[PDB]
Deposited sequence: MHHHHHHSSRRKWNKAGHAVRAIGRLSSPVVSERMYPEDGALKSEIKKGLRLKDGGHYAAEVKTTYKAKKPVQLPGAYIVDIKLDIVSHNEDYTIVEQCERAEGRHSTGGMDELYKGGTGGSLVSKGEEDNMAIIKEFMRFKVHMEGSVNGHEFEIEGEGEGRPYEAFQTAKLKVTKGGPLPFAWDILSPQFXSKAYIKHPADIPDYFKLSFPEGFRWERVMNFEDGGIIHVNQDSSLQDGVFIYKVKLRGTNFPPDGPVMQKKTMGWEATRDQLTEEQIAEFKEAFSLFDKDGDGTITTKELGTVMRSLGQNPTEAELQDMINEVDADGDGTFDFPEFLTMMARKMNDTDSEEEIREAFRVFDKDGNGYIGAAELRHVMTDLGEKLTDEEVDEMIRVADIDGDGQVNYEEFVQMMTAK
């Protein structure tokens, strides 16, 4: 009965999270530069997390309007690679939230660097849609291959022009062209490994030209970077208990109505329209892209668990519970009545009997007025 409340509450919070993806890069103006922080670290093959801190300074080559502080969601995937990673394909979509850069742009990149004293060069070519929010690139190790460390340390080094910015957030990167921009970056990792990166971005002949210089040092030789034990960048996650996994499985089942192990944009659209929302099919698609961790073009249960485990501060946990309450509290009068509850459960796809609805109210109603107020809801969730 309490389980029924948690099933429903988790599903509504899932919709909330699907509609609000973790920040990837936090942007902030400072000292005449646009700076950023990234708190994502690296998922290890053993399931653990290898923490990183990444600080970047971006600086246009001519004076350009700085924006106010904002957020970039970025999803980067390794689309393919040869056996030893000397040739790699990656792709990414990026979006900012609170004439010469054409609709379609190609780029060329050249990296030279060193990690624990291992010198290498990479040459690459990419393309995408700078306003739409999409890019792909093919990278090839031209010297020092095969690389004796995780590709993941290089992937975020290879394209800021390809970030969709809304109209009221100045696009520092796009506005800097044709002359372009430089960046500098420092990454610290939890075992003391360090990487300094310098980048130059310009526009020649209609093509973006990227130059990168990277120097990594102090990685332990048995550590996960030098032993290739990493699997992509991920945000910090909480550990889930066995019970929670059970709960979240039930919440998942309300979306996956056909039972195929996968949630689709159709299945998600269906629950979201019953709930009275109407997101556009571009939007439903974006929502699944952001949580499709393996990039196989489906949203499955382990990926649903990842979303539900993302580490969130207490302001933010509390806001999401407030938000869940507002969905159940259809009229917004601060009380969930029987009829409001029945309708939300039906909307979620839990068909319930009158008496089951009564027991749900009965178990949540501390003060006995026949409705559930916010404090009583919190107690449930």
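Within the chain's deposited sequence, the coordinate-free stretches run 1-8, 107-132, 193, 417-419 in sequence order.
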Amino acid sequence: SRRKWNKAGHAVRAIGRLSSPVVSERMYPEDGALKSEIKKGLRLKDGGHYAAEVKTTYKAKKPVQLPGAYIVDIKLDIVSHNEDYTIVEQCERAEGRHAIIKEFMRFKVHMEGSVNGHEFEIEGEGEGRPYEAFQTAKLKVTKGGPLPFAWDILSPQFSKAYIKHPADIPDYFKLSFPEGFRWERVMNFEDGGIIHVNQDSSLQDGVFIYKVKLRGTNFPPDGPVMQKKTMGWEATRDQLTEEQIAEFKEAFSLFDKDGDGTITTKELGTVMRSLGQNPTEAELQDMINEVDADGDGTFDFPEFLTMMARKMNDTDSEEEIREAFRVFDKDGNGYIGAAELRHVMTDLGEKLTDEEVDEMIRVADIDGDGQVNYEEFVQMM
From here on, numbers count along this sequence of modelled residues.
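Once the C-alpha B-factors are averaged per stretch, 312-320 and 45-53 rank with 312-320 first. Higher mean CA temperature factor, per the PDB entry, when comparing 234-242 with 262-270: 234-242. In the PDB entry, the Cα temperature factor peaks, among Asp191, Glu179, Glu125, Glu119, at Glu179. In the deposited entry, the Cα temperature factor of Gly276 places it in the highest third of its chain's modelled residues. In the deposited entry, the Cα temperature factor of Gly216 places it in the lowest third of its chain's modelled residues. In this PDB entry, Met381 carries a Cα temperature factor that places it within the highest third of its chain's modelled residues.
The entry lists a Cα temperature factor for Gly370 that places it in the middle third of the chain's modelled residues.
The deposited CA B-factor of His98 belongs to the highest third of values across its chain.
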